[PDB]
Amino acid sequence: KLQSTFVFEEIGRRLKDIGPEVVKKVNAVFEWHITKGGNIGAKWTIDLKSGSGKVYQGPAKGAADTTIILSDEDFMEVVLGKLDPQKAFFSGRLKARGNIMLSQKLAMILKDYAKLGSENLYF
């Protein structure tokens, strides 16, 4: 019953327009625990430490630099721009473990699509 799955799947293709530039600026692994009810429904890893990046189901193959835990609905609230991640973090709806600062980066980076998309041009 998970809507985030669409977002994570679509992310794998976005990294073809954006991957190599994100990896250069982030250089870290991110694990995501999506919860339905109060139970984990899906786990996702966004590896941004090599190449254009990787997104795969399940816990981080290696050790993850940061892990984020939030409900499936709230995850949609965030990716749609309605729920600021820090507001969710301090209200308790979003939980973050590891290097929080690196997730706040992944956030700034991906909100500026123009810089990294053009820098990903070969021409």
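Note that residue numbering follows the sequence shown and begins at 1.
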Item to check | Per the entry, higher mean C-alpha B factor between 87-95 and 56-64 | outcome: 56-64
Checklist entry - With respect to the recorded C-alpha B factors, which stretch has the higher mean value, 21-29 or 111-119? => result 111-119
Checklist outcome for this item: The third of the chain into which the C-alpha temperature factor of residue 71 falls is the lowest
Next on the checklist: What third of the chain does residue 45 rank in for C-alpha temperature factor, lowest, middle or highest?
Outcome noted: lowest
